[PDB]
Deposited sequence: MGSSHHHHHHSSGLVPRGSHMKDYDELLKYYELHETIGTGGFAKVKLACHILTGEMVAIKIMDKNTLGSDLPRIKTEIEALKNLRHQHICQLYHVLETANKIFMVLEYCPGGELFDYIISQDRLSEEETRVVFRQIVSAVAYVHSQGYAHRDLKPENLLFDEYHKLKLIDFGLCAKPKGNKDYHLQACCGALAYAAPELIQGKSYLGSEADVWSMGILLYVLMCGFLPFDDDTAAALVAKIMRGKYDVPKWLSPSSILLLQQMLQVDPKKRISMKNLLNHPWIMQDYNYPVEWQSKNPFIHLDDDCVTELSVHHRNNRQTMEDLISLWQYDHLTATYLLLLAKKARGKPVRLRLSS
């Protein structure tokens, strides 16, 4: 169509891996850097507050375990979101293939979850829809959080904290959500499951769940700290980070602080953008710091990705 005309100035489109709604996702290729991206194609004409809440949160959140927003491109009929390439699939699909994971393996995965959410909370937000479908793997087998549709709001019931279902919410509901996630990783089934919703709300409030035989007392203890019906009783992120289970095969707490900065500009990247946009530093160093999430924001971030993979820093 004529909607893809501003898109095709910057991206060489590829295979669709999204068939169902505006949740439709085409693979893409950045023309300048040569780096692989994923394009979410939303049409406004067809829930668009979930698109607006997402974009706003992603513009302000920047983290090694959060799926990066590079470019927002808004024609008359359509909203395009250009996001990081996660070829490794859903953590959901990873679990249901493997038939549950070992404590050693779940920790490797779970420490990346703690890292992302601890930063989300440090930035004033709460995700409100944490589930293994909303955590994807990049090509280096490292996790990236998605779907900021709800933010600082009911997501999926199986993962919803009791106080949230009651209408008594803000970041404690995420700690419970991570406690449901920790169980499914180690068991390969939900701690609270039924046929009807009124039956599933009944099982959450009461809070009694099964403890499979193969679970360690270290796991059993952390699960009961995270799966408390009282959110005041629920373990704090400050105590989660340096928990002894979190530590078990790592002698150091979860590194939660962002290695991906907003203020700091890479010198190799600011200079390579100059020799192509026909300008100088100071004029470019402030132009990148605009963070408009236009073509310049996509080109900078993907160059900063290109440098990190070991390849030489160049645009075409």
Comparing the deposited sequence against the modelled residues, what ranges come up empty for C-alpha? 1 to 20, 67 to 69, 176 to 187, 205 to 206, 354 to 356
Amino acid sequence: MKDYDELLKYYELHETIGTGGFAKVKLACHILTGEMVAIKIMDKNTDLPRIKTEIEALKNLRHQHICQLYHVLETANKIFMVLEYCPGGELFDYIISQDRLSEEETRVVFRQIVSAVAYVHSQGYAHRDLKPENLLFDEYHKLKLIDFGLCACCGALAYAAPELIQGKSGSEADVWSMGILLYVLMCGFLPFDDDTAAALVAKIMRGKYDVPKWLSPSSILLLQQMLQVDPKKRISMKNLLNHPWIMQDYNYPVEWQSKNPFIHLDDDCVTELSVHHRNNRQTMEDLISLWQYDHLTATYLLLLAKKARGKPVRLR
From here on, numbers count along this sequence of modelled residues.
Averaging the C-alpha B factors as listed in the entry, name the stretch that ends up higher: 107 to 115 or 230 to 238. 230 to 238
For the higher mean C-alpha B factor in the entry, choose 35 to 43 or 279 to 287. 279 to 287
Binned into thirds over the chain's modelled residues, the C-alpha B-factor of residue 191 lands in the lowest
For residue 26, the third of its chain by CA B-factor is the middle
What third of the chain, by the recorded C-alpha B-factor, contains residue 183? lowest
Chain thirds of CA B-factor: placement of residue 122: middle
Determine, from the deposited record, the chain-internal third of the Cα B-factor for residue 65: lowest, middle or highest. lowest
